[PDB]
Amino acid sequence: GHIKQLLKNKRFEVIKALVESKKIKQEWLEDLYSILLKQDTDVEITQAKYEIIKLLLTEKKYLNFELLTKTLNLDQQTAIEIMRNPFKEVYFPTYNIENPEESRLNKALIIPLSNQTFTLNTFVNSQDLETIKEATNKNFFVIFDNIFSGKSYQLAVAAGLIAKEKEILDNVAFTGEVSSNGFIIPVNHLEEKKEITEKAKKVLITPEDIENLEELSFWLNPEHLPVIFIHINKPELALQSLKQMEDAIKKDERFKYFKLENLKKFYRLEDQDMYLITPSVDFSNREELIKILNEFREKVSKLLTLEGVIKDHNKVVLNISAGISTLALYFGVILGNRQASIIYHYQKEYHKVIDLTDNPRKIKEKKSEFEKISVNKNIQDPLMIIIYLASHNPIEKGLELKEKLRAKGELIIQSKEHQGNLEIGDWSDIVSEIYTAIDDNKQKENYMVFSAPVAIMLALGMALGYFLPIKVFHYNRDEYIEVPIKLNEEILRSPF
C-alpha cells in the first residue's frame, strides 16, 4: 500500500504529515498501527507515533479494536479504555546540555487505565512509569512527542492523571520527578526550562513551587479553592496586605496548602486582580463611586469564574475584606449572599470573623430573642436607622440628622452586654440580628448611619441586597453626608 511503500523507504515525516492532514483511507490503518511498535531510534519515528495516536483519539472513525488488539496485542479491557477514556495532554520542558538547540517544550498524551501501565515509546524506562502509578494509585497509558533523556516528565504525567478538567493543563507546564510516595523531586536547568516554557507562552511549575501530589491536587482538583479580594486605602501596603491575607488563609486547615504565587500561576491571576486601592474617596461624588463599584464588579467576576477553568462556582471560596465601612456596605449589596465566602476583619492582621462556606444564609437567619444586640425603636414611616457597634457613638449626630431630615421614626441598634469596639470572633450572629431588626422594622422610606467594623457592613450589605429603600449617610470626619446612591438602585443589582 501507500503507507507500506512510504514505510519501506523510512519516510516517517511524510507519514506524519499525511496523518496530520487527516486524509487516511481505512485500508491504510493496519500499516499505520504497525508504526506504533517500531523502535524509537530517531525523533521522526517518535513524532509520527504521536500524531498517529492523536488522530485515532480525535477522529475515532480511525479507531479500530481489531488493529488495537491484533497489532498492539492489547487485552480487550485495555483496548476498550484506550478508545473510550478521555486523554489529557500535558507540557514539560527539557534542556539538552550538549545540544542546547534541541531543547524543547514537549508533550505527553495520557489515558487512564484500569490494570495496566505502558507506553509505546521504547526509549522510556518502564520502572519510571511504575513510580507514577504507585504515587497516583492509577494505571495509565502515556506517549511522548519527542525523544529526551531523564524522567523530569513525571510531574507533568502525574498532573495529567490527577487533573479532572483539561482547561487547567492548557497554559501550565511542569518539570520535576515524583517519588513512589508522591513527593516532588528536584530537577535541573530550571532557568533554561523557564525560558523554554515562556517562549511557548506558558507558565512553568517546578519542584520549588509544589512539594507533593497532595499539594498539586489542591490546585488541579480543588474542593474549596481560595481566592482573594481586599480593598485597601494605601497603595504602598498592597503587596504586604496580600501576604497578610495569605497568612490568615493558611491558618485554616482546609487551606494549609494555599500559596499566593501558586494561585497566580495555576489560575492566571496577578496581584491587582486581588485588590482594589482607593487613596481617597469623596462619598458625595456619584460618578466617582460608580467607578469604584464597577471595578469591584469586574474584579469579583474574574475571581469567581477564573476564565472558565472552574466549572462549579461553589468550589471557589472568596476571602474578602475592605478598608472603608461605607464602601463595604455597597460591596456587600453587589456581592450577594449565595457565594461561598469568608469575611475577614483587619486589626494588625486579618481575622476571620464570618465564615459563609457552610451556609451563606446564616447572616440572614432571624432569631426570636436578640443575643448580640440591643434594639431601642420608635417606628414611623420616615425611619432613621442607627447602628452603634464601634468606639465612636453615632447616636447623637444620627438623631440630629433625623430631626434635620424631618424623619419621624428611629431604629437604634447597638451591642448587647458590650461597649465600643467589638471583640474579635464569630460575627455572623451580630449581622443576622442587625438584618432581623432592619427587615422587621423597615418602612416606606429609610435613612441609615452606622459606626461599625468594615466586616460587619460588608456582611450586612450581602444580607440586605438591593431591595430596601435606604438612603445611606457617610460620616465625613465631623458630619454626615448623603451618599448619592440609594441602596435600592438598579446599578446595585447583584450579578453573582
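Don't overthink the numbering: it's just position in the shown sequence, from 1.
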(message) Mean CA temperature factor from the deposited coordinates, higher in 486-494 or in 4-12?
(response) 4-12
(message) Quick check: 73-81 versus 335-343, which has the larger average CA B-factor in the record?
(response) 73-81
(request) Among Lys243, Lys352, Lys265, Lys201, single out the one with the highest C-alpha B factor in the record, please. (result) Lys201
(request) Pick out which of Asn188, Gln272, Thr326, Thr175 has the highest C-alpha B-factor in the PDB entry. (result) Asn188
(message) Please say which third, lowest, middle or highest, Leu422 falls into when its CA temperature factor is compared across its chain.
(response) highest
(request) Looking at the entry's B-factor column for C-alpha atoms only, identify whether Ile481 ranks in the lowest, middle or highest third of its chain. (result) middle
(request) Among all modelled residues of this chain, ranked by Cα B factor, put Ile228 in the bottom, middle or top third, i.e. lowest, middle or highest. (result) lowest
(request) Select lowest, middle or highest to describe the third in which the CA B-factor of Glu98 falls within its chain in this entry. (result) highest
(request) Consider only the C-alpha atoms of the modelled residues in this chain, order them by B-factor as the entry records it, and name the third containing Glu236: lowest, middle or highest. (result) middle
